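What follows is one chain in structure tokens, specifically the form deposited in one PDB entry.
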């Protein structure tokens, strides 16, 4: 079921570097279907059963999810060298896409991306799963009107201090409420066209500013209703933060109001 024959894969260019090895673009010659564009996770030192075990569990992690805005697992090649075949998001990394299209992208598109991610994160919340690393860094672009959460294994930390909730920095507490804080910072990066939060600020100075009430500023052209939604995600008390179901519904309202100008 999940096992792929290596001769059905054509390896292409390197599209990134992971913890276990390089990630490549490629083609999967599907048994009785048209060839698919794929992403190949390779493993450099998977010859030992300890590294091989940790690598293949990353594929099992993606196998338990089925959502239109989360990258899907295509299969694995468990003979050496071990590979994990994932779906390809043709247009690449979100920060890069937003920076190149800083002027060719309308506000309705930015809100759509934020909305699509809240549907993936509400699906994850429904399965009681805490992501622990929500940032534009781990968002990929399938098409002009479609973004997805990238591979969970390839997501660096599953420390990104400038994205973390105060309880995650102070006590290493990771809940769905701490993911809402992280999503708020992701929405700010989207609206800022791929600009990193807190530039020119040292990681240790970050918690001092946050505890004193300092928050990321309202991005230019960001609807005031959307910035008020981000500030609710940034409530110090995690019980005061909204849930992903409320975030999804409110993002849908802000989106339709922008579509009707």
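Positions refer to the first chain, counted from 1. So that the term is clear: the rigid core is the largest set of C-alpha atoms that superpose within 1.5 Å between two forms.
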Specify whether residue 208 falls into a modelling gap in a third or more of the other PDB entries of this protein. no
Looking at the other compared entries that model both neighbours, is residue 116 missing coordinates in at least a third of them? no
Counting residues of the deposited sequence that sit between residue 158 and residue 159 but have no coordinates, the total is 10 or more
Can you tell me whether 212-220 has a higher mean C-alpha B factor than 41-49 in this record, or the other way round? 41-49
The stretch carrying the higher mean Cα B factor in the deposited entry, 129-137 or 77-85, is 77-85
I'd like to know which of 194, 26, 31, 197 has the highest C-alpha temperature factor in the PDB entry. 31
By the entry's values, the third containing the CA B factor of residue 167 is the middle
Would you check the entry's CA temperature factor for residue 174 and let me know if it's in the chain's lowest, middle or highest third? middle
Please say which third, lowest, middle or highest, residue 181 falls into when its CA temperature factor is compared across its chain. lowest
Pull the Cα B-factor of residue 123 out of the PDB entry and bin it into the chain's lowest, middle or highest third. middle
Ranked C-alpha temperature factor of residue 105 among modelled chain residues, by third: highest
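Below, we refer to the form deposited in another entry, which is not included among the displayed structures.
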Core-fitted Cα difference of 2 Å or more between the shown form and the other one, single residue among 78, 142, 116, 175: 78
CA of residue 229, rigid core aligned, shift of 2 Å or more between the shown form and the other one: no
My question is whether residue 209 is one of the residues whose C-alpha shifts by 2 Å or more between the shown form and the other one, given a fit on the rigid core. no
Is residue 46 one of the residues whose Cα moves 2 Å or more between the shown form and the other one, with the core superposed? yes
